[PDB]
Amino acid sequence: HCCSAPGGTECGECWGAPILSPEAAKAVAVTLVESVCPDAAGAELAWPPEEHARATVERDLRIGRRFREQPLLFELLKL
Amino acid sequence: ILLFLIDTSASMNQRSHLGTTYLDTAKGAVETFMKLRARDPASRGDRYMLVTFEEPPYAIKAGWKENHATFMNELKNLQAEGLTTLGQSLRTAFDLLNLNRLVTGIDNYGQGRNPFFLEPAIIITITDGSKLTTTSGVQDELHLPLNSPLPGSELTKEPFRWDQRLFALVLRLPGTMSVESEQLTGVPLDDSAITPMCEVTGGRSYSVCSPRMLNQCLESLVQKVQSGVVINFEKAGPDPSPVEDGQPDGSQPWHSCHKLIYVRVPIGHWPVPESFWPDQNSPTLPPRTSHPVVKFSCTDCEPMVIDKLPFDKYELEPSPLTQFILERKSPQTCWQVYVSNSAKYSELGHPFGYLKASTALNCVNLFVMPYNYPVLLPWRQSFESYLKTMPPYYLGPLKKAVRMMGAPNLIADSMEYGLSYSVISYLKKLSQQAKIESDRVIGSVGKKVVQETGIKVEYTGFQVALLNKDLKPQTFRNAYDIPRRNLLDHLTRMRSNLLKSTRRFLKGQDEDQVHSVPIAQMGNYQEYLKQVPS
């Protein structure tokens, strides 16, 4: 209800589905990243190579622990 | 002699990409430098000293009369806490290196400047990147403070000395990956405030960026330790008169490299006397310079000098030999050299040597000649008139060479100045007393600082205690050191210990051992009636 832009104009014929606002979902993703892992050493959008994953294993393990302790995060990803 | 300067400041607590702080990396680099220098069969006479960024009474950790054990013990327990006081620490290190100089005879300032009386010393000054603080803000000039000069230091006007090189390590290790590994064999400069201070002394400043680069710079630094003879060259005044095989056009002018004066103590004669005209009556002596401003002139001027003159082999370290190599290393020819700043009564420079190369054309031999060789080498009342152009005190060393032939001179005119001899023994005694006072309170810290300073905001005199690290509570002797939890069990333990009446009782509950447990140390205090003859 918060992210869906208004909304209520009877789109389509009878199956109008409101789209999600990109700004609201972007803010949700940003605050989720800030709450899960506030680190910024490798926060670049470009995916590093595979061997690079052998240096930040502690951050990945803490992210996995945060995901396993609270499943709601997964639901937030679905948003 | 090597004096390692490790700041141990609060800015050296940031963690590298490997997982250790910059202080741990610096200590590991020092240990690997030790194990690398131990490979060369010449580390049996050197002495290691340690200097940190602490108060003058606490800056020095291991100085004179300190073996390797206490040095390693002090470097082991280094704690990074404090500001980056680079100037005061460098001043303290230079004063520590110049404690036993005015007593043995080095830099006497009255009888020439002997280059064979060397006291080598190399500083590493391992510090952080930048942003040094002085308890008020962040400076960007790095000026050495002058608050309490040592007695007899106004005759050099510079903190460093004839043989005191200064290398630097900044340890600019990234935190994420340190993936900068493009240039394999290339060690750039740090480009910081310590770079000019290092370049003035005669040593470069490395810029550590990766552990591989750290190993490279450490393996390149071990090859830069030898006898310290640093002299400065200038192009003036010949306008690059190198018209021998090509046309001149250069950066190889202000060469401030060192020279390897290998012994065969060092053996040699004919030193660079001074740069001024000394008078017979001079109460105040002009301050000397750590680097002599000596200039060379490109002239052939009969480079063949063969005589019974005592020979010298002060090898010059190749740093600006490109200008000589451009002229085919000047085969069978040389160029004169002369010291500036009124070398005589009324003239600008007097040629006293040349820079003739060897037959192998490898390096420059630095042939040091007498004050004026082309006249005395080729008596009809000639030497008596010729000995008036040379400085008076200079008749000291040369006469020794005349001892190889005869003895026509005497002690009649062997006097430098009636006022130069005065006010010299008192300065030497003061320097000796200062060196003794510095070497006395070198390891005894005696901080005794544990208080909270409770402010008002029994009155005006209360101060809460702090947590003591090495407290060693006596549980059996003192009853206040027994907490409430384990009180009854400890009571029964003390009762059984007192009612046992054993031998060699102690007051410690459980004192296992110290950090080190040597096998030979424990096996020595024993008796084994066996020899294994079979």
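Residues numbered from 1 in each chain as written, not as in the entry; some residues may be left out. Chains lettered and ligands numbered in written order. Part of a larger assembly, values for the part shown. Heavy atoms only, no water. Residues with missing side-chain atoms left out of burial classes, pairs and counts.

As recorded by the PDB entry, chain B carries the name Integrator complex subunit 6 and is attributed to Homo sapiens. The record lists its title as "The structure of human Integrator-PP2A complex". Its UniProt record, at the heading Subunit (literature references left out), says of chain B: "Component of the Integrator complex, composed of core subunits INTS1, INTS2, INTS3, INTS4, INTS5, INTS6, INTS7, INTS8, INTS9/RC74, INTS10, INTS11/CPSF3L, INTS12, INTS13, INTS14 and INTS15. The core complex associates with protein phosphatase 2A subunits PPP2CA and PPP2R1A, to form the Integrator-PP2A (INTAC) complex." Database annotation for chain B, UniProt heading Sequence similarities: "Belongs to the Integrator subunit 6 family." (UniProt positions renumbered as here; feature names shortened; annotations may be inferred.)

Looking at the PDB entry, one finds chain A named Integrator complex subunit 5 and attributed to Homo sapiens.

Caption draft 1: Quick look at the sheet that holds strand β3 (residues 60-62) of chain B. Residue and element names in this part refer to chain B. Overall, mixed pairing links the 5 strands, which are arranged β3-β2-β1-β4-β5 in an open sheet. Single-partner strands in this sheet number two, and they are β3 and β5 (165-166). Relative to strand β4 (residues 122-123), strand β1 (residues 2-5) is paired through 2 bridges, and the arrangement is parallel. The residue of β4 that forms the bridge with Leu 2 is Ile 122. This element, helix α3 (residues 68-76), spans β1, β2 (48-51) and β3 of the sheet and lies at about 30 degrees to β2. (Pairing = 2+ DSSP bridges. Helix = DSSP H or I, 4+ residues; strand = E, 2+ residues; numbered from the N terminus. Contact = heavy atoms within 4.5 Å. Axes fitted to C-alpha atoms, helices over the stretch in contact; angles between N-to-C directions.)

Caption draft 2: Examining the pairing of strand β12 (residues 336-339) of chain B more closely. Residue and element names in this part refer to chain B. Bridge analysis of strand β10 (residues 294-297) against β12 gives 4 bridges, and the strand direction is antiparallel. Paired with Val 294 across the bridge in β12 is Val 339. In terms of strand pairing, β12 meets strand β13 (residues 350-354) through 4 bridges, oriented antiparallel. Residue pairing for β13: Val 337 is matched across the bridge by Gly 353.

Caption draft 3: Broad picture of the packing of aromatic side chains. All names here are of chain B. Aromatic pair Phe 311 and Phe 367: ring centres 5.8 Å apart, planes at 65 degrees, arrangement edge-to-face. In this pair, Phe 311 sits in the loop between β10 and β11 (315-316) while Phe 367 sits in the loop between β13 and α8 (373-376), placing the two residues 56 residues apart along the sequence. Taken together through their ring pairs, the aromatic side chains of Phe 4, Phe 33, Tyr 48 and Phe 71 make up a single cluster. (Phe/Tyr/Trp six-rings, centres within 6.5 Å; stacked < 30°, edge-to-face > 60°.)

Caption draft 4: Region of the structure containing the UniProt feature "domain: VWFA" in chain B. Under the local residue numbering, the UniProt record ascribes the feature "domain: VWFA" to residues 1-225 of chain B. Between the C-alpha atoms that bound residues 1-225 of chain B there is a distance of 10 Å. The span itself is 27% helix and 8% strand.

Caption draft 5: Representation of the sheet that holds strand β8 (residues 229-230) of chain B in the model. The strand order across the open sheet formed by 3 strands is β8-β9-β11 (chain B), and the pairing between neighbours is antiparallel. Looking at which strands have only one partner, the edges of the open sheet turn out to be β8 and β11 of chain B.

Caption draft 6: Examining the pattern of salt bridges more closely. A salt bridge links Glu 69 of chain A to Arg 65 of chain A, with the shortest nitrogen-to-oxygen separation between them at 3.4 Å. Taken together, the positions of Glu 69 of chain A and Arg 65 of chain A, both in helix α2 (residues 57-69) and 4 residues apart, correspond to about one turn of that helix. Each member of the salt-bridge network shares a partner with another, and the members are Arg 101, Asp 107, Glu 119 and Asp 163 of chain B. (Salt bridge = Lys/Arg side-chain N within 4 Å of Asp/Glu carboxyl O.)

Caption draft 7: Looking closely at the environment of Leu 355 of chain B. All names here are of chain B. Along the chain, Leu 355 turns up in the loop between β13 and α8. Sequence separation between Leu 355 and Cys 301 is 54 residues, and the spatial gap between their C-alpha atoms is 12 Å. Each residue touching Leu 355, except ones within four places of it in the same chain, is listed here: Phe 233, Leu 316, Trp 335, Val 337, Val 364 and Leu 366.

Caption draft 8: Broad picture of the packing of helix α1 (residues 22-37) of chain B against α3 of chain B. All names here are of chain B. With their axes 11 Å apart at the nearest point, α1 and α3 run at an angle of 155 degrees to one another. For the element pair α1 / α3, the angle class is roughly antiparallel. Our pair here, α1 against α3, has a crossing hand that is left-handed. Contacts from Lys 27, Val 30 and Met 34 in α1 reach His 68, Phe 71, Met 72, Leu 75 and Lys 76 in α3. (Parallel < 35°, antiparallel > 145°, perpendicular 65-115°, else oblique. Left-handed = near helix turned anticlockwise from the far one by under 90°.)

Caption draft 9: Layout of the side chain of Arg 288 of chain B. All names here are of chain B. Tracing the sequence through the fold places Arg 288 in the loop between β9 (258-260) and β10. Looking at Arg 288, its side chain comes within polar contact range of the side chain of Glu 274, at 2.9 Å. Aside from chain neighbours lying at most four places away, what touches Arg 288 is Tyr 109, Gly 110, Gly 112, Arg 113, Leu 155, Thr 156, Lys 157, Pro 273 and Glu 274. (Polar contact = N/O pair within 3.5 Å; in protein donor to acceptor, adjacent residues only side chain to side chain.)

Caption draft 10: Structural view of the pairing of β1 of chain B. Residues and elements named next belong to chain B. Taken together, the 4 bridges between β1 and β2 define a ladder with parallel strand orientation. Along β2, the bridge assignment pairs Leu 3 with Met 49. With respect to chirality, the unit in which β1 leads through α1 into the neighbouring parallel β2 is right-handed. (Right-handed = clockwise from strand over helix to strand, strands pointing away.)

Caption draft 11: The arrangement of unusual backbone geometry in detail. Cis geometry marks the peptide bond from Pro 6 of chain A to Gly 7 of chain A; its omega dihedral reads 0 degrees. Inspection of the secondary structure assignment puts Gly 7 of chain A in the segment before α1 (22-36). The amide bond that connects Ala 236 of chain B to the next residue, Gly 237 of chain B, takes the cis arrangement and shows omega of 0 degrees. When you line up the elements, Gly 237 of chain B lands in the loop between β8 and β9. Even without a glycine there, the phi angle at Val 532 of chain B is positive, about 55 degrees.

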